[PDB]
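Novice: query_27.cif is reproduced below (mmCIF, C-alpha atoms; chains and numbers go by the auth columns).
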```cif
data_start
#
loop_
_atom_site.group_PDB
_atom_site.id
_atom_site.type_symbol
_atom_site.label_atom_id
_atom_site.label_comp_id
_atom_site.label_asym_id
_atom_site.label_seq_id
_atom_site.Cartn_x
_atom_site.Cartn_y
_atom_site.Cartn_z
_atom_site.B_iso_or_equiv
_atom_site.auth_seq_id
_atom_site.auth_asym_id
ATOM 1 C CA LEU A 1 58.337 76.411 79.779 0.00 248 A
ATOM 2 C CA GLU A 2 60.951 76.520 82.530 0.00 249 A
ATOM 3 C CA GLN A 3 58.358 76.367 85.308 0.00 250 A
ATOM 4 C CA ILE A 4 56.926 73.269 83.630 0.00 251 A
ATOM 5 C CA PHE A 5 59.943 71.209 82.664 0.00 252 A
ATOM 6 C CA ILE A 6 62.468 72.277 85.319 0.00 253 A
ATOM 7 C CA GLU A 7 63.218 72.921 88.996 0.00 254 A
ATOM 8 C CA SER A 8 65.940 75.421 89.858 0.00 255 A
ATOM 9 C CA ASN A 9 67.553 73.363 92.644 0.00 256 A
ATOM 10 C CA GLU A 10 70.280 72.728 90.043 0.00 257 A
ATOM 11 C CA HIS A 11 73.211 74.848 91.216 0.00 258 A
ATOM 12 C CA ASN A 12 74.375 74.529 87.597 0.00 259 A
ATOM 13 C CA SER A 13 70.856 75.389 86.380 0.00 260 A
ATOM 14 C CA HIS A 14 72.565 77.967 84.159 0.00 261 A
ATOM 15 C CA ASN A 15 74.491 75.289 82.264 0.00 262 A
ATOM 16 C CA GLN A 16 71.301 73.252 81.822 0.00 263 A
ATOM 17 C CA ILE A 17 68.980 76.035 80.685 0.00 264 A
ATOM 18 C CA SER A 18 71.580 77.153 78.145 0.00 265 A
ATOM 19 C CA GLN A 19 71.572 73.846 76.267 0.00 266 A
ATOM 20 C CA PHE A 20 67.815 73.466 76.696 0.00 267 A
ATOM 21 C CA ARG A 21 67.199 76.756 74.899 0.00 268 A
ATOM 22 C CA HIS A 22 69.855 76.059 72.260 0.00 269 A
ATOM 23 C CA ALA A 23 68.218 72.767 71.307 0.00 270 A
ATOM 24 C CA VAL A 24 64.725 74.271 71.374 0.00 271 A
ATOM 25 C CA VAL A 25 65.818 76.990 68.952 0.00 272 A
ATOM 26 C CA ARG A 26 67.503 74.592 66.538 0.00 273 A
ATOM 27 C CA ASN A 27 64.434 72.358 66.477 0.00 274 A
ATOM 28 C CA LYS A 28 62.199 75.362 65.792 0.00 275 A
ATOM 29 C CA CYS A 29 64.499 76.501 62.984 0.00 276 A
ATOM 30 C CA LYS A 30 64.670 73.188 61.149 0.00 277 A
ATOM 31 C CA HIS A 31 60.950 72.547 61.655 0.00 278 A
ATOM 32 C CA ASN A 32 60.072 75.979 60.195 0.00 279 A
ATOM 33 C CA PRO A 33 62.758 77.082 57.727 0.00 280 A
ATOM 34 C CA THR A 34 60.954 79.881 55.866 0.00 281 A
ATOM 35 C CA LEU A 35 61.337 82.383 58.731 0.00 282 A
ATOM 36 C CA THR A 36 64.100 84.131 60.677 0.00 283 A
ATOM 37 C CA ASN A 37 64.715 85.978 63.948 0.00 284 A
ATOM 38 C CA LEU A 38 63.548 82.951 65.908 0.00 285 A
ATOM 39 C CA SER A 39 63.745 82.940 69.688 0.00 286 A
ATOM 40 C CA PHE A 40 62.962 80.827 72.731 0.00 287 A
ATOM 41 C CA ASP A 41 59.679 82.696 73.233 0.00 288 A
ATOM 42 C CA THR A 42 58.381 82.315 69.674 0.00 289 A
ATOM 43 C CA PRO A 43 55.021 80.498 69.156 0.00 290 A
ATOM 44 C CA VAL A 44 55.648 78.013 66.349 0.00 291 A
ATOM 45 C CA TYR A 45 55.588 74.248 66.169 0.00 292 A
ATOM 46 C CA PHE A 46 58.577 72.220 67.329 0.00 293 A
ATOM 47 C CA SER A 47 59.237 68.755 68.686 0.00 294 A
ATOM 48 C CA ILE A 48 60.049 67.481 72.167 0.00 295 A
ATOM 49 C CA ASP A 49 61.160 63.851 71.884 0.00 296 A
ATOM 50 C CA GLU A 50 63.902 65.109 69.580 0.00 297 A
ATOM 51 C CA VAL A 51 65.104 67.528 72.254 0.00 298 A
ATOM 52 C CA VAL A 52 65.200 64.665 74.744 0.00 299 A
ATOM 53 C CA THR A 53 67.208 62.482 72.361 0.00 300 A
ATOM 54 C CA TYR A 54 69.603 65.387 71.802 0.00 301 A
ATOM 55 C CA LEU A 55 70.133 65.761 75.537 0.00 302 A
ATOM 56 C CA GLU A 56 70.707 62.027 75.986 0.00 303 A
ATOM 57 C CA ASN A 57 73.392 62.068 73.305 0.00 304 A
ATOM 58 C CA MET A 58 74.977 65.110 74.932 0.00 305 A
ATOM 59 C CA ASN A 59 75.031 63.270 78.257 0.00 306 A
ATOM 60 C CA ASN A 60 76.524 60.008 76.923 0.00 307 A
ATOM 61 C CA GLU A 61 79.256 61.718 74.893 0.00 308 A
ATOM 62 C CA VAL A 62 82.912 60.762 74.433 0.00 309 A
ATOM 63 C CA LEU B 1 83.041 87.614 92.756 0.00 248 B
ATOM 64 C CA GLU B 2 79.780 87.978 90.837 0.00 249 B
ATOM 65 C CA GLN B 3 78.711 91.169 92.604 0.00 250 B
ATOM 66 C CA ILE B 4 82.156 92.602 91.856 0.00 251 B
ATOM 67 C CA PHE B 5 82.969 91.672 88.272 0.00 252 B
ATOM 68 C CA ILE B 6 79.450 91.588 86.818 0.00 253 B
ATOM 69 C CA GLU B 7 76.043 93.201 86.559 0.00 254 B
ATOM 70 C CA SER B 8 72.886 91.101 86.400 0.00 255 B
ATOM 71 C CA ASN B 9 70.990 93.103 83.779 0.00 256 B
ATOM 72 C CA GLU B 10 72.191 90.780 80.976 0.00 257 B
ATOM 73 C CA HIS B 11 70.280 87.564 80.307 0.00 258 B
ATOM 74 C CA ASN B 12 73.287 86.097 78.501 0.00 259 B
ATOM 75 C CA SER B 13 74.304 85.513 82.139 0.00 260 B
ATOM 76 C CA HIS B 14 73.214 81.885 81.747 0.00 261 B
ATOM 77 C CA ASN B 15 76.269 81.607 79.458 0.00 262 B
ATOM 78 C CA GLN B 16 78.600 84.396 80.599 0.00 263 B
ATOM 79 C CA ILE B 17 78.546 83.034 84.149 0.00 264 B
ATOM 80 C CA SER B 18 79.232 79.444 83.130 0.00 265 B
ATOM 81 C CA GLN B 19 82.169 80.411 80.935 0.00 266 B
ATOM 82 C CA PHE B 20 83.606 82.747 83.575 0.00 267 B
ATOM 83 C CA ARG B 21 83.453 79.898 86.087 0.00 268 B
ATOM 84 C CA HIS B 22 85.050 77.360 83.741 0.00 269 B
ATOM 85 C CA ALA B 23 87.924 79.754 83.052 0.00 270 B
ATOM 86 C CA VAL B 24 88.501 80.525 86.733 0.00 271 B
ATOM 87 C CA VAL B 25 88.519 76.833 87.639 0.00 272 B
ATOM 88 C CA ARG B 26 90.958 76.037 84.840 0.00 273 B
ATOM 89 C CA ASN B 27 93.411 78.722 85.917 0.00 274 B
ATOM 90 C CA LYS B 28 93.132 77.503 89.513 0.00 275 B
ATOM 91 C CA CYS B 29 93.886 73.915 88.512 0.00 276 B
ATOM 92 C CA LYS B 30 96.773 75.261 86.437 0.00 277 B
ATOM 93 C CA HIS B 31 98.672 77.288 89.030 0.00 278 B
ATOM 94 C CA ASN B 32 98.079 74.566 91.674 0.00 279 B
ATOM 95 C CA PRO B 33 98.983 71.282 89.961 0.00 280 B
ATOM 96 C CA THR B 34 99.510 69.158 93.070 0.00 281 B
ATOM 97 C CA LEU B 35 95.963 69.368 94.408 0.00 282 B
ATOM 98 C CA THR B 36 92.579 68.265 93.068 0.00 283 B
ATOM 99 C CA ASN B 37 88.859 68.324 93.887 0.00 284 B
ATOM 100 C CA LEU B 38 88.954 72.064 93.241 0.00 285 B
ATOM 101 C CA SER B 39 85.960 74.233 92.383 0.00 286 B
ATOM 102 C CA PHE B 40 84.930 77.839 91.799 0.00 287 B
ATOM 103 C CA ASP B 41 85.024 78.793 95.484 0.00 288 B
ATOM 104 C CA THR B 42 88.415 77.396 96.500 0.00 289 B
ATOM 105 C CA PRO B 43 90.656 80.129 98.040 0.00 290 B
ATOM 106 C CA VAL B 44 93.889 79.764 96.056 0.00 291 B
ATOM 107 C CA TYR B 45 96.002 81.938 93.795 0.00 292 B
ATOM 108 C CA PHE B 46 94.945 82.521 90.203 0.00 293 B
ATOM 109 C CA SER B 47 95.813 85.289 87.756 0.00 294 B
ATOM 110 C CA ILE B 48 92.928 87.107 86.078 0.00 295 B
ATOM 111 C CA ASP B 49 94.392 89.020 83.117 0.00 296 B
ATOM 112 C CA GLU B 50 94.755 85.542 81.640 0.00 297 B
ATOM 113 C CA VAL B 51 91.019 85.014 82.153 0.00 298 B
ATOM 114 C CA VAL B 52 90.355 88.215 80.218 0.00 299 B
ATOM 115 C CA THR B 53 92.676 87.004 77.458 0.00 300 B
ATOM 116 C CA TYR B 54 90.693 83.761 77.307 0.00 301 B
ATOM 117 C CA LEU B 55 87.366 85.577 77.086 0.00 302 B
ATOM 118 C CA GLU B 56 88.626 87.834 74.295 0.00 303 B
ATOM 119 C CA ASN B 57 89.994 84.903 72.297 0.00 304 B
ATOM 120 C CA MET B 58 86.700 83.045 72.659 0.00 305 B
ATOM 121 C CA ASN B 59 84.681 86.113 71.666 0.00 306 B
ATOM 122 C CA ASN B 60 86.789 86.384 68.498 0.00 307 B
ATOM 123 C CA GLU B 61 86.542 82.815 67.152 0.00 308 B
ATOM 124 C CA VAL B 62 85.682 81.407 63.723 0.00 309 B
#
```
Translate this structure into structure tokens?
Specialist:
Amino acid sequence: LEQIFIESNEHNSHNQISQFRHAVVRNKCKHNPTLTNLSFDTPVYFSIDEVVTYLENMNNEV
Amino acid sequence: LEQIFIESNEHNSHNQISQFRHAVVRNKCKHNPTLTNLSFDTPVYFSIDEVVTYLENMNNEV
């Protein structure tokens, strides 16, 4: 995932990856509610455009 | 600072590090009001016990 969607030139790459994973996990959860113990590395369906929207909102926040 | 206060065998690093930085920068800006454009690496006074207080408080939130 990271090697696809990201390049680590971001000095603050930490602060980016954190939110990336947070949003991924929440999307997994709400898209598959019957289960638990979800994690970044879990193979279940989840959306992408929603993650992007989430990040936009985070970036244009007041 | 990292090599001193931290070990790298924890993947929560992507969050621990960011919060540690934020706290350090805030204390720096606090004890040195006059100046600006500060950052993590600026060589100026800053207490640390207060940083530990901050981390405890944050780890015990609800």
Novice: From the list B:263, B:274, B:306, B:300, which residue is nearest residue 249 in chain B when using only C-alpha atoms?
Specialist: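 Among the listed residues, the smallest separation from residue 249 in chain B belongs to B:263.
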Novice: Using every C-alpha atom paired in order, could you least-squares fit chain B onto chain A and give me the moved chain as a compact mmCIF listing (two decimals) with C-alpha atoms, in the coordinates of the input?
Specialist:
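Result file is out_4.txt:
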```txt
# COMPACT_ATOMS: atom_id res chain seq x y z
CA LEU B 248 58.39 76.41 80.00
CA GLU B 249 60.92 76.61 82.83
CA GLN B 250 58.35 76.28 85.60
CA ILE B 251 56.96 73.23 83.79
CA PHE B 252 59.93 71.19 82.64
CA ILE B 253 62.42 72.08 85.39
CA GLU B 254 63.08 72.62 89.07
CA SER B 255 65.42 75.37 90.26
CA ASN B 256 67.19 73.46 93.03
CA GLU B 257 70.10 72.56 90.71
CA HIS B 258 72.92 75.06 90.24
CA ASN B 259 73.96 73.36 87.00
CA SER B 260 71.01 75.46 85.77
CA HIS B 261 73.51 77.98 84.40
CA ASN B 262 74.32 75.22 81.87
CA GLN B 263 71.18 73.07 81.73
CA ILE B 264 69.08 76.12 80.87
CA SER B 265 71.41 77.35 78.13
CA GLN B 266 71.57 73.95 76.46
CA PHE B 267 67.81 73.44 76.72
CA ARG B 268 67.30 76.81 75.04
CA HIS B 269 69.81 76.12 72.26
CA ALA B 270 68.10 72.81 71.49
CA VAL B 271 64.61 74.33 71.44
CA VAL B 272 65.72 77.14 69.13
CA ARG B 273 67.41 74.69 66.77
CA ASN B 274 64.33 72.50 66.48
CA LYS B 275 62.21 75.60 65.88
CA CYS B 276 64.49 76.81 63.09
CA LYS B 277 64.39 73.28 61.69
CA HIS B 278 60.65 72.70 61.40
CA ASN B 279 60.13 76.29 60.14
CA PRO B 280 62.77 76.79 57.43
CA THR B 281 61.18 79.75 55.65
CA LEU B 282 61.34 82.20 58.55
CA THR B 283 64.19 83.73 60.55
CA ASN B 284 64.89 86.03 63.50
CA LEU B 285 63.51 83.30 65.75
CA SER B 286 64.22 82.92 69.46
CA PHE B 287 63.28 80.86 72.50
CA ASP B 288 59.87 82.51 72.95
CA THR B 289 58.51 82.31 69.40
CA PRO B 290 55.12 80.48 69.29
CA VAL B 291 55.66 77.88 66.56
CA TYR B 292 55.59 74.11 66.28
CA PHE B 293 58.52 72.06 67.54
CA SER B 294 58.75 68.43 68.61
CA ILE B 295 60.24 67.71 72.03
CA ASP B 296 61.08 63.98 72.12
CA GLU B 297 63.83 65.02 69.71
CA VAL B 298 65.07 67.51 72.31
CA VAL B 299 65.25 64.68 74.85
CA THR B 300 67.16 62.57 72.33
CA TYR B 301 69.62 65.45 71.89
CA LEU B 302 70.12 65.84 75.63
CA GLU B 303 70.74 62.12 76.08
CA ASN B 304 73.25 62.00 73.23
CA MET B 305 75.10 64.99 74.67
CA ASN B 306 75.11 63.50 78.17
CA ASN B 307 76.69 60.33 76.74
CA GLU B 308 79.61 61.81 74.76
CA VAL B 309 83.32 60.98 74.63
```
Novice: Which residues, named as in the file, does the PyMOL selection byres ((chain B) within 9 of (chain A)) pick out? Answer as a PyMOL selection string.
Specialist: chain B and resi 260-262+264-265
Novice: Quick one: distance from CA of residue 255 in chain A to CA of residue 255 in chain B in Å, one decimal?
Specialist: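 Going from CA of residue 255 in chain A over to CA of residue 255 in chain B, I get 17.5 Å.
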Novice: Between CA of residue 283 in chain B and CA of residue 302 in chain A, what distance in Å does the model show, to one decimal?
Specialist: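 Spanning CA of residue 283 in chain B to CA of residue 302 in chain A is a straight-line distance of 28.6 Å.
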Novice: How would you write, as a PyMOL selection string, the residues chosen by the PyMOL selection byres ((chain B and resi 292) around 10) on this structure?
Specialist: chain B and resi 274-279+289-291+293-295
Novice: Measuring between only C-alpha atoms, which one of A:271, A:309, A:282, A:299 shows the shortest distance to residue 248 in chain A?
Specialist: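 Going through A:271, A:309, A:282, A:299 one by one, the smallest distance to residue 248 in chain A is for A:271.
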Novice: Determine, counting all atoms listed in the file, which protein, DNA and RNA residues have an atom within 10 Å of an atom of range 296-298 of chain B; residues of the same chain fewer than 4 positions away are not included. Present the result as a list in words.
Specialist: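 Skipping anything fewer than 4 positions along the chain leaves residues 267, 268, 269, 270, 271, 273, 274, 302, 303 and 304 of chain B.
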Novice: So the first atom is CA of residue 287 in chain B and the second is CA of residue 258 in chain A; what is the distance between them in Å, to one decimal place?
Specialist: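 Atom-to-atom, CA of residue 287 in chain B and CA of residue 258 in chain A are spaced 12.1 Å apart.
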Novice: Would you mind completing range 253-276 of chain A so that it carries N, CA and C atoms, and writing it out as a CSV table (one decimal), keeping the file's coordinate frame?
Specialist:
```
chain,number,residue,atom,x,y,z
A,253,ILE,N,61.2,72.1,84.6
A,253,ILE,CA,62.5,72.3,85.3
A,253,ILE,C,62.2,72.7,86.8
A,254,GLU,N,63.2,72.4,87.6
A,254,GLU,CA,63.2,72.9,89.0
A,254,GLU,C,64.6,73.5,89.2
A,255,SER,N,64.7,74.7,89.8
A,255,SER,CA,65.9,75.4,89.9
A,255,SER,C,66.9,75.0,91.0
A,256,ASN,N,66.6,73.9,91.7
A,256,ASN,CA,67.6,73.4,92.6
A,256,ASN,C,68.9,73.1,92.0
A,257,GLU,N,69.0,73.0,90.7
A,257,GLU,CA,70.3,72.7,90.0
A,257,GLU,C,71.2,73.9,90.2
A,258,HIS,N,72.1,73.9,91.1
A,258,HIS,CA,73.2,74.8,91.2
A,258,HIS,C,73.7,75.3,89.8
A,259,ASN,N,74.0,74.3,89.0
A,259,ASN,CA,74.4,74.5,87.6
A,259,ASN,C,73.2,74.8,86.7
A,260,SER,N,72.0,75.1,87.2
A,260,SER,CA,70.9,75.4,86.4
A,260,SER,C,71.2,76.2,85.2
A,261,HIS,N,72.1,77.2,85.3
A,261,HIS,CA,72.6,78.0,84.2
A,261,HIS,C,73.0,77.1,83.0
A,262,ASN,N,73.9,76.1,83.3
A,262,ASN,CA,74.5,75.3,82.3
A,262,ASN,C,73.5,74.4,81.6
A,263,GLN,N,72.4,74.1,82.4
A,263,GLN,CA,71.3,73.3,81.8
A,263,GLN,C,70.4,74.1,80.9
A,264,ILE,N,69.9,75.2,81.4
A,264,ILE,CA,69.0,76.0,80.7
A,264,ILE,C,69.6,76.5,79.4
A,265,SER,N,70.9,76.8,79.4
A,265,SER,CA,71.6,77.2,78.1
A,265,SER,C,71.3,76.1,77.0
A,266,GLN,N,71.7,74.9,77.3
A,266,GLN,CA,71.6,73.8,76.3
A,266,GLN,C,70.1,73.6,75.9
A,267,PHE,N,69.2,73.6,76.9
A,267,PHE,CA,67.8,73.5,76.7
A,267,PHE,C,67.3,74.4,75.6
A,268,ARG,N,67.6,75.7,75.8
A,268,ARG,CA,67.2,76.8,74.9
A,268,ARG,C,67.9,76.6,73.5
A,269,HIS,N,69.2,76.3,73.5
A,269,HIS,CA,69.9,76.1,72.3
A,269,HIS,C,69.1,75.0,71.4
A,270,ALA,N,68.9,73.9,72.0
A,270,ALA,CA,68.2,72.8,71.3
A,270,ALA,C,66.8,73.1,70.9
A,271,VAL,N,66.0,73.8,71.7
A,271,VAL,CA,64.7,74.3,71.4
A,271,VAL,C,64.8,75.1,70.1
A,272,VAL,N,65.7,76.1,70.1
A,272,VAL,CA,65.8,77.0,69.0
A,272,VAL,C,66.2,76.2,67.7
A,273,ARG,N,67.1,75.3,67.7
A,273,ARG,CA,67.5,74.6,66.5
A,273,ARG,C,66.3,73.8,66.0
A,274,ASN,N,65.6,73.2,66.9
A,274,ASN,CA,64.4,72.4,66.5
A,274,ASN,C,63.4,73.2,65.8
A,275,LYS,N,63.1,74.4,66.4
A,275,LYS,CA,62.2,75.4,65.8
A,275,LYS,C,62.7,75.7,64.4
A,276,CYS,N,63.9,76.1,64.3
A,276,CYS,CA,64.5,76.5,63.0
A,276,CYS,C,64.2,75.4,61.9
```
